[PDB]
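Asks: Structure provided below as structure tokens; questions to follow.
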Amino acid sequence: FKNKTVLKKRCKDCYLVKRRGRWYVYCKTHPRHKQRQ
Amino acid sequence: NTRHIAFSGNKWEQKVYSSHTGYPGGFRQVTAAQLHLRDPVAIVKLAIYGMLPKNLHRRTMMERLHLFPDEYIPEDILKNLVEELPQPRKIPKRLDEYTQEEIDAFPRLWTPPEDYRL
Amino acid sequence: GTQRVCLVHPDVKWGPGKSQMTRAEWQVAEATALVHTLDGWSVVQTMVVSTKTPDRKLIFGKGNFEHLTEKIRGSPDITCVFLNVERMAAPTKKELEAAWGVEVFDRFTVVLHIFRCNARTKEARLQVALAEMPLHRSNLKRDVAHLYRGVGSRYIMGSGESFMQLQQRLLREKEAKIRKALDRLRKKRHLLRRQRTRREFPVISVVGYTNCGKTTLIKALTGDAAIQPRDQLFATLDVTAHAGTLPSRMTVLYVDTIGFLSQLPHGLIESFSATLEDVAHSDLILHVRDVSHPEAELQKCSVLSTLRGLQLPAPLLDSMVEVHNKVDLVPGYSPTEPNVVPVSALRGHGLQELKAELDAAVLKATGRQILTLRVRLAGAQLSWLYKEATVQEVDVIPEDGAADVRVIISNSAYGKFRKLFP
Amino acid sequence: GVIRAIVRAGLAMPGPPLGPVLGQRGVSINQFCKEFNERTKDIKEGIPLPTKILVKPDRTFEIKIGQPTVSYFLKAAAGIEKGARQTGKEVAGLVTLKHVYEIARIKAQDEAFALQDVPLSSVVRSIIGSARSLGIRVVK
Amino acid sequence: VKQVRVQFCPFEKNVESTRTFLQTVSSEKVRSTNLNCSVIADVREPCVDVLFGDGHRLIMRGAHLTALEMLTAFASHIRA
Amino acid sequence: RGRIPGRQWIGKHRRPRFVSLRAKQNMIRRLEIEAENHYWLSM
Amino acid sequence: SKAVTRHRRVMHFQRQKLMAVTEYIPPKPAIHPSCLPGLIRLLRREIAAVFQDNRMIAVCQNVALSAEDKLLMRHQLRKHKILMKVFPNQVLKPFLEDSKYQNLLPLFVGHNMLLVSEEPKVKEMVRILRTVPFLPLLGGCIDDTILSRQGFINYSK
Amino acid sequence: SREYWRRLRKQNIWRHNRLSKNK
Amino acid sequence: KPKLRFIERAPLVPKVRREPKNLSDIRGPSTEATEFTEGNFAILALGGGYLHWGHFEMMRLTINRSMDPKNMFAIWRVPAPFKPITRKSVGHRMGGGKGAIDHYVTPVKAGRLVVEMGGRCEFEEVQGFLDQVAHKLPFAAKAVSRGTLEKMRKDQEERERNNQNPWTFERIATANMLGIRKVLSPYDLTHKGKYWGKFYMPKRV
RNA sequence: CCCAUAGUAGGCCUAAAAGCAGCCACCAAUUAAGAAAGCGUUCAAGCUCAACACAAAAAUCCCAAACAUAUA
RNA sequence: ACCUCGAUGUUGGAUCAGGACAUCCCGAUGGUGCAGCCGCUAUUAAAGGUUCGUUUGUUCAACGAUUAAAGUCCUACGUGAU
Ligand SMILES: Nc1nc2c(ncn2[C@@H]2O[C@H](COP(=O)(O)OP(=O)(O)OP(=O)(O)O)[C@@H](O)[C@H]2O)c(=O)[nH]1
Ligand SMILES: [Mg+2]
Ligand SMILES: [Mg+2]
Ligand SMILES: [Mg+2]
Ligand SMILES: [Mg+2]
Ligand SMILES: [Mg+2]
Ligand SMILES: [Mg+2]
Ligand SMILES: [Mg+2]
Ligand SMILES: [Mg+2]
Ligand SMILES: [Zn+2]
């Protein structure tokens, strides 16, 4: 998880989810794509 | 029934009650939910204390104030009681509480498709 | 900034400083090249002046110093003076500046200025800041004179440290911060090297004197196009790795390095150790030699001394493969020493022979073995060998459904293979 | 699975280009090259021939072969050994529309190659495009 | 999974679900997943009968079931 | 916490000031009076 | 502070009030407007010509086959004079009522592929379908006479 | 004309590929 | 020569006379280079500011790298840095005369085009890197086509026409109602409240 | 979301570079597919895509209490 | 150059430490060019801890030996009516 003010899907598998009050980019194939707002 | 007060919005989690014991590192900040779970009277007591004028009569007024978490009230206090003030907020009715007559009166606003699993 | 410069070359004729490998004309040419590299100004005038004693508050004997003073002060076009010396003490700088009414620069300051001007990456900026710290400490007097404002010993309050002394304290802390930052940079560069080290990429560090064609040679070897050699000096100011294939179909990382100049303070180049440690962590060192340049021997001495000061491993110092570039400029050049390859990067003449020689050197230096190995087809062993080693020839035995592959394999890969496919 | 190759009829040589890839899926390379040489004898010699081998899970061969390539065939028709470098301006041979028709007569007849379009236009257009891509001009 | 049979009457309506189920199950990817698994797309209300490798039968009457629901039940019973 | 540097209302970093509905209504009322003044001066 | 500053300078409170009062007020439209009230004809002619020319028509769902399997089926069909056709349902729907095919409406939904011919090789076509236990024969209408699959089987035999 | 639309589709695919080169 | 031309750090003939920082050259709407010329796309400056050689290099490198030379061309719509900005020595006390010329800038006013692009391309192909450059510019900026520029101008006109507010900054300032000219600036009589220093409020009517 | 056969491993270049190391050409078959926009392969193989079809953080301790709905 | 020149005593050190977290160690967690060991990076966490010495008046730095670590700061560069 890296903190980013602008969230970008870095591959087809990245998906956006608003959890615990903020947006997250989650990815299972490339976990390094994981971003937190 | 001060235990059964209701906060609008997310105040239960956002409203923070702050105090300082005086000793270093004695700054305590407890959310409304935590303070309510600890003391079932603190929320209303603090609200009244804040709203009362900030002079030397405030503590006497708070002495006149009586707070009870639940329906139970002491017998002497009950005998003292004179009038009951109307509740400031009218409690909305739940579906379980709505009568069938009211449900029938309220119209159906749309025809759901017959072949929808819902 | 648009500063016409008068070049002053002190020619030492006896005793220490009497170089036996270079001539004043060649040194003047090198200094002119340095200023032209610095760009934006040129040598309006040149003066080579004798100096029996090179170490003085005034580098020249009183007579020659007065002669130079007259010439410099009578020439109005001159805006600055570049004294072709390694480093000049603050007293000498102050006295010459006052006498000649101009700004005096030494080779140290000129190289520092070109670095500051053409440094792009933050790593380069930090390293040149470290290299500047000496020049700063030398120049605080002049730099903070106007801040000093002629106040001393009369104020009785505050930190007892004088203005000069507390400026020294501030510069001490500044240097400490810079050194801490370079330590962090060294750690980060180690992180970067980790992956290539684990994959056991053979690495060849290309070193040599400045403007030897190191970058051009790397471009020729790799076949890349984004690599841009320059006519200017100190063009390559960052250490970068470029992949290139050898005749044995082996990939090798050529590591480009900073150029080396003679007659410079060691600390200048040594301040780039944070990024030049990639040479220390190399597998082979390729020394490029602009044999066409008249000062080839002096450049050899300078580069060898610089490497020794950089403290590269002695085994790495040994086996340094020497290539003589720019041979086209010297028609009919015949290499004398053995184990030396003549090449012409621009014209790409001896590049094939150089590639073969450095391939052999890599095989010797990386503990890699060229051996024939029999594998079973359909067992993924062939694909594994392709991916984890450089295969050179696959002779298929159809009768046994197998194949003998001639592979240059490291010991680690060989062990992994023997365990994975018994 | 299906393995595609452009093996040259005479050049059935096991090993460098075929050995590894063929073995990876499980094969008898001797059998494969023997059958390919049988096909080479059946057809002219010394010419690339696309193949459509299907390595069955039972470890058996069904070699399917058809017409020679289009590029080499056109080069032979135009009398060229190596194709043009630019191929847009460089030209090394010319072929007539009649010759193109004649070669197409024996082209759209291979099952695997899918060239079974009844209209002559469908195939003549494709071969014309192939020639235009190559260093061959379409006469008249 | 062993065998799958889909029956429907196209001239009769309410067959879209079963037709799409057939087009999805017969998909070359699905059949290649288990070449042994045999489909029999008979046709003659609409129904789907799936016999699994363990001799277990699933019957989905797709008269009022969407193809998504039928396929989800089919996959759940595959997972078993 | 929550300090305004220097003096409120003068510096580069002033305490923010926000217009209330009351202030907006007052200004609009004055504007209406002045518009009527324009009309009565136009003749 | 200069008139032009690198930061948004604080406005005099009266200027702030002026800016607030003179803000753009969009026109409110009373009732929200939101809740107030070539190739196609080429294939039209193609479908009309197909219907007129073919004496027998059948349809199927050849969508579960591989590219090569579909190509092989097409080759087997071309071995006979029968021709397989693909058209979008979106434009096939009008044609049924256009050509007076009322019973054909609940037959072309989803993927649909036509098998138009004049000489029925239906016997060998069904034989070919048999070795592939899917891709059911779907109802068709020979010479303006709707035939179910049982009708096609009887006609074949 | 079938070929008109075929060429149109080819050009549209080219345009999409050019746009996607950077994406 | 489709690729964007190199811009020199300072004029070949350096200016000798230090000149004041007339910020009015940044203040207010732009009256020059406000329209397209030999191009269909551009970077519009929605605010005033000074462009340095660093900004020019950023623009040149980004646009040159990201453009297609055989199908796109770019052209500067802003002159090379000419206005000299002077800086005193670090830590110098106030007084002692004006500082020496340090850098050169080029002023840019709101509503001006900085770079203009054209060629066999549509907006979507260029808007990406044009927006990158605009975002990295020292003032608010936006990648705008001819169509989009006309659309935004027409939208501004439509808002001005149909605004339901009886009161407009233009009217109040011109009539000096409430005596607000005591608080306003003479420039405001022409800026109509849409400009504040170097900033242009586009939503402002 | 579904789906992807194929003139052919387009030529040249190279040991090989087959859509994809690089240069030229970029036509064309199918109802519908870039001589390929991305992964991937030493090269192939394989995976997709375009196509048909249906905002914030600092150092003593937060900082009125609270409140969304009774007619300007 | 805004308070203080009818005095607001000044750098280091001792003593006692209050506080912030932008965490050096200890806790929890995501990523990794995370095989393991060391690590690097980020989120959360300030309850607790954060060494002793040789020169040097030194804060620092260098060096020696350690440590889990020998954190960055604010406190009138905390604290001389101690
Ligand atoms: N290799 C080579 N370079 C030549 C020759 N003749 C001229 N040159 C010039 O040599 C220069 C070498 O530039 P680089 O290769 O960048 O220099 P370098 O050795 O990397 O050193 P730095 O400039 O300090 O990075 C270029 O300007 C070439 O044009 C020649 O025969 N061989
Ligand atoms: Mg270089
Ligand atoms: Mg204040
Ligand atoms: Mg698709
Ligand atoms: Mg004062
Ligand atoms: Mg004053
Ligand atoms: Mg006093
Ligand atoms: Mg934290
Ligand atoms: Mg201080
Ligand atoms: Zn991802």
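Residue numbers (full-length UniProt numbering), protein chains in the order written: chain A, 66 to 102; chain B, 61 to 178; chain C, 94 to 515; chain D, 18 to 157; chain E, 13 to 56, 61 to 96; chain F, 9 to 51; chain G, 30 to 66, 77 to 196; chain H, 114 to 136; chain I, 47 to 251.
Ideal placement from N, C-alpha and C gives every residue a C-beta, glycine not left out.
1) Check whether the Cβ atoms of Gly352(C) and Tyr426(C) sit closer than 8 Å, and answer yes or no.
2) Kindly give me the distance between the Cβ atoms of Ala183(C) and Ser231(C), rounded to whole angstroms, as I take these residues to be in contact under 8 Å.
3) List the endpoints of the continuous beta strand (DSSP E) containing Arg469(C).
4) Strictly under 8 Å for the Cβ-Cβ distance: is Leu132(H) near chain I by that measure?
5) Rank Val161(I), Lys197(I), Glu216(I) by C-alpha distance to the C-alpha of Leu90(I) and give the top, closest one.
6) Following the continuous beta strand (DSSP E) through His380(C), name the residue where it begins and the one where it ends.
7) Residues of chain I with CB closer than 7 Å to the CB of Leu444(C), please, in chain order.
8) Counting only C-beta atoms, is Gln133(D) closer than 8 Å to chain C at any point?
9) For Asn54(D), which residues in chain C fall below 7 Å Cβ to Cβ?
10) Of all the beta strand (DSSP E) runs that stay within the bounds of the stretch 391–431 of chain C, which reach a length of 3 or more residues?
11) Give the DSSP bridge partners of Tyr194(G), in chain order.
12) Closer than 7 Å to a non-hydrogen atom of ligand 2 - does that hold for the CB of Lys307(C)?
13) Any idea what DSSP makes of residue 10(I), helix, strand or coil?
14) With burial defined as no fewer than 16 other Cβ atoms inside 10 Å of the residue's Cβ, what is the status of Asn504(C): buried or exposed?
15) Could you have a look at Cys21(E) and say whether DSSP puts it in helix, strand or coil?
16) Looking at C-beta atoms only, is the number of pairs between the stretch 116–130 of chain G and the stretch 183–196 of chain G that lie closer than 8 Å three or more?
17) Give me, in chain order, the residues of the same chain whose beta-carbon lies closer than 6 Å to that of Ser78(B); leave out the 5 immediate sequence neighbours on both sides.
18) Is the stretch 155–170 of chain C touching the stretch 192–202 of chain C, taking contact as three or more C-beta pairs under 8 Å?
19) If we ignore side chains and look at the alpha-carbon of each, how far apart do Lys312(C) and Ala454(C) end up?
20) Say yes only if the C-beta of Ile12(F) is nearer than 7 Å to one or more non-hydrogen atoms of ligand 3, and no if none qualify.
21) Would you mind working out which of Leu151(C), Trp107(C), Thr202(C), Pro169(C) sits nearest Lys187(C), comparing C-alpha positions?
22) For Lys71(B), I'd like the list of residues in its chain whose CB is within less than 7 Å of its CB, leaving aside the five on either flank, ordered along the chain.
23) Can you pull the chain G neighbours of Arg22(F), defined as C-beta to C-beta under 9 Å?
24) Can you pull the DSSP bridge partners for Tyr96(I)?
25) Scan the stretch 96–116 of chain G for residues whose Cβ lies nearer than 8 Å to a Cβ of chain D and list them as they occur along the chain.
26) May I ask you to list the residues that DSSP assigns as paired with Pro435(C)?
27) Kindly examine ligand 3 and report whether one of its heavy atoms sits closer than 7 Å to the Cβ of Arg25(F).
28) Return no unless some Cβ of chain C is closer than 8 Å to the Cβ of residue 14(I).
29) Cβ of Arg15(F) versus every heavy atom of ligand 3: is any distance shorter than 7 Å?
30) Verify the CB distance criterion: does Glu42(F) have a CB-CB separation below 8 Å to chain I?
31) Grab the span of the beta strand (DSSP E) containing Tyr80(A) for me, first residue to last.
32) So, is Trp17(F) buried or exposed, given that buried needs 16 or more other C-beta atoms within 10 angstroms?
33) With hydrogens ignored, establish whether the beta-carbon of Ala26(D) is closer than 7 Å to any heavy atom of ligand 2.
34) Measuring only from the beta carbon, is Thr368(C) closer than 7 Å to any heavy atom that is part of ligand 2?
35) Determine, using beta carbons only, whether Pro491(C) comes closer than 8 Å to chain D.
36) Whole angstroms is fine: what's the gap from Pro173(B)'s alpha carbon to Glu85(E)'s?
Replies: Answer, in terms of the structure:
1) no
2) 5 Å
3) 462–469
4) For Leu132(H), the answer is yes, since a Cβ of chain I falls inside 8 Å of its Cβ.
5) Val161(I)
6) 377–383
7) Contact of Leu444(C) with chain I by beta-carbon distance below 7 Å is absent, the smallest such distance being about 30 Å.
8) no
9) The contacting residues do not exist; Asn54(D) stays about 14 Å from chain C at best.
10) 414–418
11) DSSP output for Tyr194(G) lists no bridge partner at all.
12) yes
13) No statement about residue 10(I) is possible, as the shown extent of chain I runs from 47 to 251 and does not include it.
14) Classification of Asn504(C): exposed, given that the 10 Å Cβ count is below 16.
15) coil
16) no
17) Answer for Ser78(B): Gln89, listed in chain order.
18) yes
19) Taking C-alpha positions only, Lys312(C) is separated from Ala454(C) by approximately 20 Å.
20) yes
21) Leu151(C)
22) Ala92
23) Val39
24) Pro153(I)
25) Cβ contacts with chain D: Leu110, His114.
26) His417(C)
27) no
28) Because chain I here runs from 47 to 251, residue 14(I) falls outside it and cannot be looked at.
29) yes
30) Chain I contact via Cβ: present.
31) 80–84
32) Note on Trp17(F): under 16 other CB atoms within 10 angstroms of its CB, so exposed under the neighbour-count rule.
33) Exclusion of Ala26(D) from the 7 Å shell around ligand 2 follows from its C-beta lying no nearer than that to any non-hydrogen atom of the ligand.
34) no
35) yes
36) 17 Å
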